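J.:
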Amino acid sequence: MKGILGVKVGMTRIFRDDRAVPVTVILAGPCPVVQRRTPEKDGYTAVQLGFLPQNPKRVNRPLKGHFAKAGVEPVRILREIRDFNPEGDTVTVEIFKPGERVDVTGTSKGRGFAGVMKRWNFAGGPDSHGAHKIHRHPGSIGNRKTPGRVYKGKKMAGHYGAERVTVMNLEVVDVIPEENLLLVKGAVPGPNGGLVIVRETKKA
Amino acid sequence: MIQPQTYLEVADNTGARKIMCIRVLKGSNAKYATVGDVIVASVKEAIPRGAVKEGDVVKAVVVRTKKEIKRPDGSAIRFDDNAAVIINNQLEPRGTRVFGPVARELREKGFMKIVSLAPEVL
Amino acid sequence: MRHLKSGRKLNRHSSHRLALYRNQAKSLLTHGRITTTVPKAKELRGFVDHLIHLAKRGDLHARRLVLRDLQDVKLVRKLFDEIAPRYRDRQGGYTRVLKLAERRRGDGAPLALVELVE
Amino acid sequence: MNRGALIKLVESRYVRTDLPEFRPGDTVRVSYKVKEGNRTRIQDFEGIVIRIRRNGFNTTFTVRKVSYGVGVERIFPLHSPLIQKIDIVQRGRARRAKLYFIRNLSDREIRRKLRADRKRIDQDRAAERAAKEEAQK
Amino acid sequence: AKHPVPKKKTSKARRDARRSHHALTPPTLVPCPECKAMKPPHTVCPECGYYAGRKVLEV
RNA sequence: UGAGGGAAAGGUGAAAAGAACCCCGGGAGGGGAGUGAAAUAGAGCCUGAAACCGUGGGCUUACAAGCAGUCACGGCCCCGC
RNA sequence: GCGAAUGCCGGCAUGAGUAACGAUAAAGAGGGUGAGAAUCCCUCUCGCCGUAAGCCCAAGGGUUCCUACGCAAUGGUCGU
RNA sequence: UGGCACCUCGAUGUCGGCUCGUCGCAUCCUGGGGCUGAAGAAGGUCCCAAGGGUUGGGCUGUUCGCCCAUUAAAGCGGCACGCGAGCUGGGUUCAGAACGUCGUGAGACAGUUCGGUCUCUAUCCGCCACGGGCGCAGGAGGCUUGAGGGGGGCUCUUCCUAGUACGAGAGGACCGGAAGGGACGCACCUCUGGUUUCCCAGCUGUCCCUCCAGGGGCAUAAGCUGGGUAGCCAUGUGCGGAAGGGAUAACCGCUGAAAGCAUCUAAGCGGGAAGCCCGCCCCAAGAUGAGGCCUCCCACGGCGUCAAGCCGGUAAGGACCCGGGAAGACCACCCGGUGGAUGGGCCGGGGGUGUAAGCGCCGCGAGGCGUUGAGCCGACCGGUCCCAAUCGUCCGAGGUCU
Ligand SMILES: [Mg+2]
Ligand SMILES: [Mg+2]
Ligand SMILES: [Mg+2]
Ligand SMILES: [Mg+2]
Ligand SMILES: [Mg+2]
Ligand SMILES: [Mg+2]
Ligand SMILES: [Mg+2]
Ligand SMILES: [Mg+2]
Ligand SMILES: [Mg+2]
Ligand SMILES: [Mg+2]
Ligand SMILES: [Mg+2]
Ligand SMILES: [Mg+2]
Ligand SMILES: [Mg+2]
Ligand SMILES: [Mg+2]
Ligand SMILES: [Mg+2]
Ligand SMILES: [Mg+2]
Ligand SMILES: [Mg+2]
Ligand SMILES: [Mg+2]
Ligand SMILES: [Mg+2]
Ligand SMILES: [Mg+2]
Ligand SMILES: [Mg+2]
Ligand SMILES: [Mg+2]
Ligand SMILES: [Mg+2]
Ligand SMILES: [Mg+2]
Ligand SMILES: [Mg+2]
Ligand SMILES: [Mg+2]
Ligand SMILES: [Mg+2]
Ligand SMILES: [Mg+2]
Ligand SMILES: [Mg+2]
Ligand SMILES: [Mg+2]
Ligand SMILES: [Mg+2]
Ligand SMILES: [Mg+2]
Ligand SMILES: [Mg+2]
Ligand SMILES: [Mg+2]
Ligand SMILES: [Mg+2]
Ligand SMILES: [Mg+2]
Ligand SMILES: [Mg+2]
Ligand SMILES: [Mg+2]
Ligand SMILES: [Mg+2]
Ligand SMILES: [Mg+2]
Ligand SMILES: [Mg+2]
Ligand SMILES: [Mg+2]
Ligand SMILES: [Mg+2]
Ligand SMILES: [Mg+2]
Ligand SMILES: [Mg+2]
Ligand SMILES: [Mg+2]
Ligand SMILES: [Mg+2]
Ligand SMILES: [Mg+2]
Ligand SMILES: [Mg+2]
Ligand SMILES: [Mg+2]
Ligand SMILES: [Mg+2]
Ligand SMILES: [Mg+2]
Ligand SMILES: [Mg+2]
Ligand SMILES: [Mg+2]
Ligand SMILES: [Mg+2]
Ligand SMILES: [Mg+2]
Ligand SMILES: [Mg+2]
Ligand SMILES: [Mg+2]
Ligand SMILES: [Mg+2]
Ligand SMILES: [Mg+2]
Ligand SMILES: [Mg+2]
Ligand SMILES: [Mg+2]
Ligand SMILES: [Mg+2]
Ligand SMILES: [Mg+2]
Ligand SMILES: [Mg+2]
Ligand SMILES: [Mg+2]
Ligand SMILES: [Mg+2]
Ligand SMILES: [Mg+2]
Ligand SMILES: [Mg+2]
Ligand SMILES: [Mg+2]
Ligand SMILES: [Mg+2]
Ligand SMILES: [Mg+2]
Ligand SMILES: [Mg+2]
Ligand SMILES: [Mg+2]
Ligand SMILES: [Mg+2]
Ligand SMILES: [Mg+2]
Ligand SMILES: [Mg+2]
Ligand SMILES: [Mg+2]
Ligand SMILES: [Mg+2]
Ligand SMILES: [Mg+2]
Ligand SMILES: [Mg+2]
Ligand SMILES: [Mg+2]
Ligand SMILES: [Mg+2]
Numbered sequence: 001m002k003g004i005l006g007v008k009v010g011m012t013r014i015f016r017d018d019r020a021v022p023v024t025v026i027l028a029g030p031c032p033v034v035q036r037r038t039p040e041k042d043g044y045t046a047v048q049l050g051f052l053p054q055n056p057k058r059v060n061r062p063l064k065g066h067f068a069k070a071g072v073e074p075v076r077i078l079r080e081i082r083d084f085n086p087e088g089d090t091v092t093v094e095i096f097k098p099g100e101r102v103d104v105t106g107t108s109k110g111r112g113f114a115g116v117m118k119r120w121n122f123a124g125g126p127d128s129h130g131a132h133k134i135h136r137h138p139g140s141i142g143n144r145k146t147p148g149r150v151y152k153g154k155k156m157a158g159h160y161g162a163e164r165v166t167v168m169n170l171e172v173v174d175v176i177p178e179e180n181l182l183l184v185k186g187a188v189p190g191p192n193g194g195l196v197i198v199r200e201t202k203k204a
Numbered sequence: 001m002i003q004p005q006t007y008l009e010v011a012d013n014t015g016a017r018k019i020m021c022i023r024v025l026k027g028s029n030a031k032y033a034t035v036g037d038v039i040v041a042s043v044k045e046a047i048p049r050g051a052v053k054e055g056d057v058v059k060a061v062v063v064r065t066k067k068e069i070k071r072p073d074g075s076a077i078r079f080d081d082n083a084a085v086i087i088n089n090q091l092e093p094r095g096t097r098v099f100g101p102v103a104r105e106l107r108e109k110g111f112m113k114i115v116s117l118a119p120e121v122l
Numbered sequence: 001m002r003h004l005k006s007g008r009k010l011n012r013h014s015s016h017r018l019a020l021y022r023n024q025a026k027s028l029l030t031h032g033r034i035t036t037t038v039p040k041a042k043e044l045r046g047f048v049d050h051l052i053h054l055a056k057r058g059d060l061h062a063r064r065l066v067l068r069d070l071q072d073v074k075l076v077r078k079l080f081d082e083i084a085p086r087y088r089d090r091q092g093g094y095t096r097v098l099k100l101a102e103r104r105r106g107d108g109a110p111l112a113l114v115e116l117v118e
Numbered sequence: 001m002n003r004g005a006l007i008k009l010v011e012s013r014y015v016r017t018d019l020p021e022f023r024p025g026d027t028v029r030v031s032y033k034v035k036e037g038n039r040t041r042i043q044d045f046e047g048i049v050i051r052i053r054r055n056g057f058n059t060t061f062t063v064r065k066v067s068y069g070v071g072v073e074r075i076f077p078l079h080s081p082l083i084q085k086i087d088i089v090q091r092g093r094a095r096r097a098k099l100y101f102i103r104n105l106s107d108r109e110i111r112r113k114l115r116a117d118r119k120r121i122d123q124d125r126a127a128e129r130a131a132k133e134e135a136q137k
Numbered sequence: 002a003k004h005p006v007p008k009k010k011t012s013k014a015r016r017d018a019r020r021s022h023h024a025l026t027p028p029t030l031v032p033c034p035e036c037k038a039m040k041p042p043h044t045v046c047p048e049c050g051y052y053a054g055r056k057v058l059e060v
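Protein chains in written order, with the authors' numbering: chain h, 1 to 204; chain p, 1 to 122; chain s, 1 to 118; chain u, 1 to 137; chain a, 2 to 60.
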């Protein structure tokens, strides 16, 4: 199960032989590994990567002080990529091949305290025809005496977005070796600058 | 992208001039209708001496929309007005001269006799 | 939801905001130093620095662009004839914003002390 | 340098930047086409281009023409492999760069508001390139 | 009288518990680098006046 | 409008001897000093309860479900040789 | 001889530091008085009414008019 | 539809519709199977199965019901004939008025028609989200397993097999493969189309700056019109449901006695569904059952009811304050704070707008030309320390017991 740390840098169109492909260029550069798990130590046996460089003065040293591999500590979240196993130095893009289906797991855009019509795609009341204040309200939220209480998960307003979102079955278009970039087929979760992990899709 | 209660303009010479479509044949709840899509239309106004009278419930295929057709190479195309061609129940046009331009998706979606009949296919 | 919009909306409308920047430009360029609230100042600096960078040219058209937002000819000739020479050896950022203590009694708002850089 | 037009310049190493610059005037545009299996039959398409929404690599433009009493307009990406894009009559006079007002009035008064230019005609015929220097000596 | 009404009154163990969060915090007071008085950070010492530069007006 | 309806509001001290004067405070308000049997008898001031609002001390509560109580065991604190 | 009468009178609670603070015409800045100024006085800009949000009378109200001294109380905040 | 009259007359808002769902199966379809008066397809009936769907309209206030076009289907019910501290008031259960009938009349009709006040502030439970305190038996920075819980749990058409099997023929499959659709859910703004409030251009009336020119205010809380980048969306784009494993319901079995035969069952072993549990994704150690791993610091610096459980500073760290952020109601999360590109200004690029002001020429003039793809720039991307994060301040273990 191949995977990588990446960051969205924007999206555009590429041109194939006949059809244009809505690619997302994504910067999954050289990722230093810092720690390997073990079945005899923790069991689940994952591998811990970290990707983007940090100057050694903003660190606080429970973090500064990892051993020989990746002495220069990275910035972002040291993600473990779930039974992937590299050789030991770094993970480049050439682990991936063009024509493979890759999963992208990132962090989507939080819309704030988003509404119920924008959040759960309701319909609401009409604008005309006497409607007092129902133009964006959800409406009825239950029943009278039996059952009484409102059920759990009634799909009302709250914090829509800003959660870890996985978009799946993305085919690899092109690989850029000199800057270590990837070109997925659109619809990556996350903004311009949102870190993702890119695994292998199954879909066997 | 034509909907119920839409006045398609007939680009055929079957007598009908302007029709109003109701139900799109795609499945359970066909919301829209692209170009190359069989619809059911009632004939509002017609020219005389034609086999298609007023109030006939006929089938048709949509050949021109004001909303774009998105070609798969990234390119797209729009038209000036909504148009339809009076098809029968066995997917054959009742008229032997279709007016104006049509699209290219009629070819890859089955219809050859319409596209071969259209003078300037876009 | 302003996921990228800068704006600096100030509980007013558009013409009150632009005429407010017109008024604080005249009041800041008349006496130099100024004392106001903090978010009005931290966007007013991006306006007065635009007026001083449109004062570095001095070519009969940027004078008119200064006169689009400064309707006093006596203030514009004082701006060009007394402010424009001594800032020519500085590239950008001709206005310092230093926050002032002793907040207002009736409002409880933090104060801002904004003056021309020496 | 983590983000911007240097990363977006890497996927612009197949750009076709030899085709000429054009204002909103009359032109003709041929294009590759896939139908009935074979990829042959490049197709010409003339008319007045309306909107020039240039944006980085993936620019777009729309050529409208009147076809048999039906206004048919067309959305082109300018960098997909269209072969020749030659301008028939460089009319121009684009006082408005987005001349969407034509789609209301479909009549002879198009060119009285979209008049023929003189400037780009002057540096076009002055830039006609016909200087026989190749194997002249 | 209208649509929201308190059905029962809140006791001391609920009124005196909802007031527990909103309390005044002590304002931070760093010493002035010239003045021997306290002042919040990133603003003007009211007697110092930024190392006596753009200060409360002296003679 | 009007015919008409229609309130609440007593208490310093024996004698104002009603707090000179100093200090903080813009003033108000007091802290001292003094008069006074008493000043929590300070000027709408005798006694001054309860509801109510706090301050200080002992016990107990962040894994327990109750018209909140009663009984039992135990722990902690305070009186009493 | 009170605990009940959607009892009465007087005080104090809950609702709660919650809603509102009264036409979406619009405020900003520099000085002065003052212990204390977004609100008081002066000056420079901006906006609003201008068949009035301007002026003159009769109704009506009864010193609300002016000056000087002050903020016990009032001004839906402060306020000299 | 009833019967009863048991809480409700100091009142528990009545029909219908919109939004929002949830549940049962006695299943409308999709999924299996037995029988058939099942040649094949299409059928009829019955058993299991509620996982997902159950259209867009006309008519009437209608639930219901009747028609148009489709689909595989436009299921029956409950949840105060679900839902008025959500909404609608079309009918009925208000005062006006009229029609037909009854009544001498006043008036009445479970007969008809027009019109007719639908009540800003959430106290507690519930629910959607985000927090503070404390705990997690030394204190912190991270990474992460998953006890458990929800989402999705769809479905049609065309072609090869195959016009073969079957049937005289008309007709026309099971098994399996390939492609494309209808609805719903997630993510994005590159293509298409919107908004983009002062970003640009043009224009009318008035006033003002200074007469001309050129500008500014108002005509909305944009003065109108045409555009409009970033951002936010769908009308756009990319994906999702699975592929596979186990135990299974109906059903089909293998071996086999009771009951020398037979038998799917009494022992066992199987096959067998959109059903269940696995599997995908996020929530998640307040899973006190408080998990696991790596790294940094740690004896006294004084003394009890002794290793703080009597206290003052302090190590790792954290907190206050400021700049900010597709992070955000507040809070919280994340990146920085001179060892800096975190924000503002400027520069360069992208992009919006479209030939700026002025000068010269032509024309009596309105106006047109060259200077000029110039001038103007809100966000997109880098660089620049020019300005602002200057100085700083406060908590923080001192390593209990078998
Ligand atoms: Mg956000
Ligand atoms: Mg709506
Ligand atoms: Mg409304
Ligand atoms: Mg209403
Ligand atoms: Mg219950
Ligand atoms: Mg910004
Ligand atoms: Mg306000
Ligand atoms: Mg570029
Ligand atoms: Mg209390
Ligand atoms: Mg004495
Ligand atoms: Mg006393
Ligand atoms: Mg005394
Ligand atoms: Mg007292
Ligand atoms: Mg008193
Ligand atoms: Mg007495
Ligand atoms: Mg007393
Ligand atoms: Mg206490
Ligand atoms: Mg427990
Ligand atoms: Mg406990
Ligand atoms: Mg008990
Ligand atoms: Mg009593
Ligand atoms: Mg009462
Ligand atoms: Mg009372
Ligand atoms: Mg509050
Ligand atoms: Mg509130
Ligand atoms: Mg409240
Ligand atoms: Mg309020
Ligand atoms: Mg206001
Ligand atoms: Mg002022
Ligand atoms: Mg002042
Ligand atoms: Mg002063
Ligand atoms: Mg003011
Ligand atoms: Mg009088
Ligand atoms: Mg009076
Ligand atoms: Mg008086
Ligand atoms: Mg006075
Ligand atoms: Mg006062
Ligand atoms: Mg007051
Ligand atoms: Mg005074
Ligand atoms: Mg009954
Ligand atoms: Mg009885
Ligand atoms: Mg009651
Ligand atoms: Mg009732
Ligand atoms: Mg009733
Ligand atoms: Mg059944
Ligand atoms: Mg049945
Ligand atoms: Mg079946
Ligand atoms: Mg059959
Ligand atoms: Mg169900
Ligand atoms: Mg269902
Ligand atoms: Mg209702
Ligand atoms: Mg109600
Ligand atoms: Mg209700
Ligand atoms: Mg009604
Ligand atoms: Mg009504
Ligand atoms: Mg009546
Ligand atoms: Mg309100
Ligand atoms: Mg609440
Ligand atoms: Mg918490
Ligand atoms: Mg996790
Ligand atoms: Mg689990
Ligand atoms: Mg639980
Ligand atoms: Mg589950
Ligand atoms: Mg767009
Ligand atoms: Mg946009
Ligand atoms: Mg004006
Ligand atoms: Mg006016
Ligand atoms: Mg306006
Ligand atoms: Mg206005
Ligand atoms: Mg047998
Ligand atoms: Mg069995
Ligand atoms: Mg079995
Ligand atoms: Mg099985
Ligand atoms: Mg910066
Ligand atoms: Mg450019
Ligand atoms: Mg450009
Ligand atoms: Mg330029
Ligand atoms: Mg710029
Ligand atoms: Mg630029
Ligand atoms: Mg702006
Ligand atoms: Mg920028
Ligand atoms: Mg930037
Ligand atoms: Mg640079």
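Positions of the beta carbon are idealized from the N, C-alpha and C atoms, including for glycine.
Return helix, strand or coil for residue 36(h), following the three-state DSSP convention.
T.: Looking at residue 36(h) - three-state DSSP - the assignment turns out to be strand.
J.: Using a Cβ-Cβ distance under 8 Å, would residue 20(s) count as near chain a?
T.: False, the Cβ-Cβ gap to chain a never drops below 8 Å.
J.: Quick one, which of 193(h), 128(h), 42(h) and 65(h) has its alpha-carbon nearest residue 34(h)'s?
T.: Taking only the C-alpha atoms, the option nearest residue 34(h) is 65(h).
J.: Name the two residues that bound the continuous beta strand (DSSP E) containing residue 8(h).
T.: Looking at the DSSP string, the run of the beta strand (DSSP E) that includes residue 8(h) is 4-11.
J.: To the nearest angstrom, report how far apart residue 52(p) and residue 2(p) are at their CA atoms.
T.: Distance between the alpha carbons of residue 52(p) and residue 2(p) is about 22 Å.
J.: Contact criterion: CB-CB distance below 8 Å. Does residue 138(u) meet it with respect to chain h?
T.: An answer regarding residue 138(u) cannot be provided, because it is not within the stretch 1 to 137 covered by chain u.
J.: With 9 Å as the limit, tell me which residues of the region 72-99 of chain p have their beta carbon closer than that to any beta carbon of chain h; keep them in chain order.
T.: Answer set for the region 72-99 of chain p: 72, 73, 74 and 75.
J.: With a threshold of 8 Å between beta-carbons, can residue 89(h) be considered close to chain u, or not?
T.: It does not; no Cβ of chain u falls within 8 Å.
J.: Could you tell me which chain s residues have their CB closer than 7 Å to the CB of residue 43(a), listed as they occur along the chain?
T.: Result: 99.
J.: Between residue 29(a) and residue 39(a), what straight-line distance do the alpha-carbon atoms span, to the nearest angstrom?
T.: Taking the straight line from one Cα to the other gives about 9 Å.
J.: Against chain h, does residue 58(u) count as a neighbour if the rule is that its beta carbon must be under 8 Å from one of theirs?
T.: Yes, its Cβ sits closer than 8 Å to a Cβ of chain h.
J.: Could you check if residue 150(h) is buried or exposed, using at least 16 other CB atoms within 10 Å of its CB as the buried criterion?
T.: Its Cβ having fewer than 16 others within 10 Å, residue 150(h) is exposed.
J.: Along the chain, where does the alpha helix (DSSP H) that runs through residue 43(u) open and close?
T.: From DSSP, residue 43(u) is part of no alpha helix (DSSP H) but of the beta strand (DSSP E) over 43-53.
J.: Which residues, taken in chain order from the region 63-91 of chain u, show a beta carbon closer than 8 Å to some beta carbon of chain p?
T.: Per Cβ criterion, the list reads 67, 68, 69, 70, 71, 72, 73, 74, 75, 76, 77 and 80.
J.: Can you pull the chain s residues whose beta carbon is under 8 Å from the beta carbon of residue 51(a), in chain order?
T.: Those within 8 Å of residue 51(a) in chain s are 98.
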